[PDB]
Structure formats: structure tokens, C-alpha cells
Q: 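What follows is a single structure, and I will ask about it in a moment.
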Amino acid sequence: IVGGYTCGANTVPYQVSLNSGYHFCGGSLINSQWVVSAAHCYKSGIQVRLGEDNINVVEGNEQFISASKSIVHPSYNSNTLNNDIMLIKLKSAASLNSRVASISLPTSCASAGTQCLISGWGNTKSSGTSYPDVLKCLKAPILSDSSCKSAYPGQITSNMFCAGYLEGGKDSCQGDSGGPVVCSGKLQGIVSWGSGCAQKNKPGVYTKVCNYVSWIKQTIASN
Ligand SMILES: NCc1ccccc1
Ligand SMILES: [Ca+2]
């Protein structure tokens, strides 16, 4: 997250870190047994880390649970990032309390102009590299469909939305991939793609979670 702020330990209790020997992506806990992340974050050997603030120090609220199954969306296209969503099943159910909790799935799609909360352990620099230890947050508005299409002509599908700041300076970044965009207490987006981070006229692009709720529900009911 570039241009954001320190969230505060355990204030984003649905945020997870995906670990394959090191943090590599975010995700969102949606059920005691399931995490939603980006399909571009797929890899074998994922450990889900819940209850994290500092990802380099054991602070006492963590739950580390290995993935038992990963399910990339059937229509994921890694070239366009259309349908950039994946479900991860946990080997055992997380214990839910204040510091670890699920986030609700949306009923209705989110509105242009709504301020959402984006969070993660990704790079904090637009130019160069610096990776934080504690969870960072950014409040960012959903942009209009026409603005999003102007920023990325020919590339925005109905399964994507932009959020952020056309002026630059505030954005999600590498390492935030797969993490949550929460609007009015619902998971509306997944950190998906863009062109660099916090550059002028290149806001973040996010998977539009509302379009996937039927697939998520059916998949969790059968796996
Ligand atoms: N600045 C949007 C973004 C986020 C994660 C990965 C690539 C691009
Ligand atoms: Ca920790």
C-alpha cells in the first residue's frame, strides 16, 4: 500500500497473509474454512496466516493453517486477469473471535464514489521498494466506469472496477495482491492489477466480487 496508514493491530480481522516460506499475497477470510484471494496468487504449498499484524514477529494472536485445496475460477484468464479470483480451503477451521473474523460477501454491487478500505503488506513505494512488517490500510473511492475505461482502454471487463486516485500517490501495490477491498462492511473487491503503483492516471484495478457470489456459494457448498 502506497500513501496509506498503519491499520492498527487486528483491526482488519478478516485479512490474511498467504505464506510459501515468505509472505506473497493477501486474502480475505469469508468462512471459518475458506479464504478468497486472486487467481494470480495461485501456488502450491500455501500456509494461511490469520490474526497477523507484524508478519515477521509472533505476537500471540496468529493462527497458521495449511491450505487443503485451492480452486482457481474456471474462467480465469491470466493474460487479461478476467475472473481473477480463487478460493482456498483451510485444513482445519479457524477459531473465530475479535482478532480473527470473517467478512461478509456482498448482496449488491458497490456504488461509484463509495470509500472503501484496502489493506495489505505490499510495497509502500511508488518508485523503488520497501516492504512493511505491519498491516497497512488505504481509504480509496470506487471510480466511475467511464474513468476506469479511460485509464485502461480496451482492458476493463464487467468483472473489474477501478478504485483510487487519478492524481497518483495512493494505491495498492505488489504484495497486496489478493487482499480485500471492503465497502460498507462487505467484500466488494480483490486487489488484482494495474500499471505500477500510485502513478498518475493508472489507478488500481480490482476483481468485482459481487459477480462471483453465486460461484463462491456453490463451490463452498460442494467442497
Ligand atoms: N496498483 C495496483 C496493483 C496492485 C497489485 C499488483 C499490481 C498492481
Ligand atoms: Ca505475527
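Positions are given from 1 along the sequence. Reckoned from all heavy atoms, side chains included, excluding hydrogens, waters and symmetry mates.
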Q: How long is the gap from OG on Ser126 to NZ on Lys200, to the nearest 0.5 Å?
A: 12.5 Å
Q: I need the minimum non-hydrogen distance between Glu62 and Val57, along with the two atoms involved.
A: OE2-O, 3.2 Å
Q: Side chain of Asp176, backbone of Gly122: donor and acceptor closer than 3.5 Å?
A: yes
Q: Excluding sequence neighbours, so at least two apart, what forms side-chain contact (heavy atoms from CB on, under 4.5 Å) with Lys139?
A: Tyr5, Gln115, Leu117
Q: Return the minimal non-hydrogen interatomic distance between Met86 and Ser70, and the atom names on each side.
A: SD-CB, 4.3 Å
Q: Return the minimal non-hydrogen interatomic distance between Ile142 and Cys183, and the atom names on each side.
A: CD1-SG, 4.1 Å
Q: How many angstroms lie between atom OG1 of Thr124 and atom CD of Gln174, to the nearest 0.5 angstrom?
A: 12.5 Å
Q: Considering only distance and modelled atom types, tabulate donor-acceptor pairs under 3.5 Å from the side chains of residues 6-29, sequence neighbours left out.
A:
| residue | atom | partner | partner atom | Å |
| --- | --- | --- | --- | --- |
| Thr6 | OG1 | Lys136 | NZ | 2.8 |
| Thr11 | OG1 | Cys7 | O | 3.3 |
| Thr11 | OG1 | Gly8 | O | 2.8 |
| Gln15 | NE2 | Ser119 | O | 3.3 |
| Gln15 | NE2 | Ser119 | OG | 2.7 |
| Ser17 | OG | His23 | ND1 | 2.8 |
| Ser20 | OG | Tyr22 | OH | 3.3 |
| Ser20 | OG | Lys43 | NZ | 2.9 |
| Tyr22 | OH | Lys43 | NZ | 2.9 |
| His23 | NE2 | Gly175 | O | 3.0 |

Q: Quick one: do the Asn82 and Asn77 side chains pair a donor with an acceptor below 3.5 Å?
A: no
Q: Any side-chain heavy-atom pair from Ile85 and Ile216 closer than 4.5 angstrom?
A: yes
Q: Please give me the minimum heavy-atom distance between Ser95 and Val100, naming the atom from each residue.
A: O-CB, 3.9 Å
Q: Classify the side-chain pair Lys69/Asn223 by whether it contains a donor and acceptor separated by less than 3.5 Å.
A: yes
Q: Measuring from atom OG of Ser92 to atom CD of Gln33, what distance do you get when rounded to the nearest 0.5 angstrom?
A: 8.5 Å
Q: Would a 4.5 Å heavy-atom cut-off, applied to side chains only, mark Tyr152 and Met160 as touching?
A: no
Q: Going by heavy atoms in the side chains, are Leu87 and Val35 under 4.5 Å from each other?
A: no
Q: Do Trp215 and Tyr42 sit in one hydrophobic cluster, given that two such residues count as connected whenever their side-chain heavy atoms are within less than 4.5 Å of each other, even indirectly?
A: no
Q: Please answer: with hydrophobic residues joined when any side-chain heavy atoms are less than 4.5 Å apart, are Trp34 and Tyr212 in the same cluster?
A: yes
Q: Does one hydrophobic cluster hold both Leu187 and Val48, with members joined at side-chain heavy-atom distances below 4.5 Å?
A: no
Q: How long is the gap from SG on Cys162 to CG on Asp145, to the nearest 0.5 Å?
A: 8.5 Å
Q: Can you find a heavy atom in the side chain of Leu143 that is under 4.5 Å from one in the side chain of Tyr165?
A: no
Q: Are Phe161 and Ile190 connected in the hydrophobic side-chain network, where two residues link if heavy atoms are under 4.5 Å apart?
A: no
Q: Can you tell me if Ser192 and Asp84 form a side-chain donor-acceptor pair at under 3.5 Å?
A: yes
Q: Drop me the distance from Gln188's CD to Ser104's OG, to the nearest 0.5 angstrom.
A: 11.0 Å
Q: Within the supplied structure, the quantity of interest is the number of heavy atoms (other residues, nucleotides, ligands) at a distance under 6.0 Å from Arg49 CZ; does it exceed 12?
A: yes
Q: Which pair of heavy atoms, one from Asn123 and one from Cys173, lies closest together, and at what distance?
A: O-CB, 3.4 Å
Q: Closer than 3.5 angstrom, by distance alone: can the side chain of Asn83 be matched with the main-chain N or O of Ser75 as a donor-acceptor pair?
A: yes
Q: Is it true that a side-chain atom of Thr114 and a backbone atom of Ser111 form a donor plus acceptor pair closer than 3.5 Å?
A: yes
Q: Do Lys170 and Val2 touch side chain to side chain, with heavy atoms closer than 4.5 Å?
A: no
Q: Should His40 and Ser177 be marked as a side chain to side chain donor-acceptor pair (under 3.5 Å) after you check the CA-CA gap, both sets of side-chain angles, and the distance that decides it?
A: CA-CA 8 Å; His40 82 263; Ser177 288; 2.9 Å; yes
Q: Just by distance, with hydrogens left out, do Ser214 and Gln218 show a side-chain donor and acceptor under 3.5 Å apart?
A: yes
Q: Side chains of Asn56 and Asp133: donor-acceptor distance under 3.5 Å anywhere?
A: yes
Q: Are the side chain of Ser195 and the backbone of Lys202 linked by a donor-acceptor contact shorter than 3.5 Å?
A: no
Q: What residues join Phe64 in its hydrophobic cluster, counting side-chain heavy atom gaps under 4.5 Å, either direct or through other members?
A: none
Q: Do you know the tightest heavy-atom contact between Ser172 and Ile118?
A: CB-CG2, 4.1 Å
Q: Quick one: are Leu90 and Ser68 in side-chain contact, heavy atoms under 4.5 Å?
A: no
Q: Quick one: NZ on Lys89 to CD1 on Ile65, what's the gap to the nearest 0.5 Å?
A: 12.5 Å
Q: Would a hydrophobic clustering, with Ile, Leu, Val, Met, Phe, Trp and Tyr connected at side-chain separations under 4.5 Å, put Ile55 with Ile1?
A: no
Q: Does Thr207 reach the side chain of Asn159, with side-chain heavy atoms less than 4.5 Å apart?
A: no
Q: So do the side chains of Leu81 and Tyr76 get within less than 4.5 Å of each other, counting heavy atoms only?
A: yes
